[PDB]
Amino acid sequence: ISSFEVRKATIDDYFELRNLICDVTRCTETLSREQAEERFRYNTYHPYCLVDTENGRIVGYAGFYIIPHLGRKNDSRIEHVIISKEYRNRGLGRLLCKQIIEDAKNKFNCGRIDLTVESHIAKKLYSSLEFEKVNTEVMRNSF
């Protein structure tokens, strides 16, 4: 009977969000308030977090990004969806993304959502939400 709420992440959650991402992810930097303010005020970046209502704690995070397109509805992407190791395999990853996916379709009027999966849990998550194989090749230049 544990309550949860999906909500937009904020600057006041920076360090708790950073502890969640950097517990599972490749982190290299701790932002100042001026840098953090900059990244949160990029108007294409929509950080979602998932909160436990019982203890006010953030337990999930997902980064949603608008990719503007000229001549079509904007594209978008989901990167860095993370659920607290404690809370996994309970439907909160699905709960979080479904809120994202509906905001993309009808709140931001996007034409599509793109993502890279590389996981095993992840691929079975997004297939279950109508993400289908895209027949491209990803390439990366790392600095």
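Throughout, we count residues from 1 along the sequence that is shown.
Participant: Between 81-89 and 56-64, name whichever shows the higher mean Cα B factor according to the PDB entry.
Facilitator: Per the PDB record, 81-89.
Participant: When the C-alpha temperature factors are averaged for each of 117-125 and 7-15, which stretch ends up with the higher value in the entry?
Facilitator: Per the deposited B-factors, the answer is 117-125.
Participant: According to the deposited entry, which of 99, 32, 76, 106 has the largest Cα B-factor?
Facilitator: Comparing C-alpha B-factors across 99, 32, 76, 106, the maximum falls on 32.
Participant: Please rank the C-alpha B-factors of the chain's modelled residues and tell me whether residue 26 sits in the lowest, middle or highest third.
Facilitator: As the PDB entry reports it, the C-alpha B-factor of residue 26 lands in the highest third of its chain.
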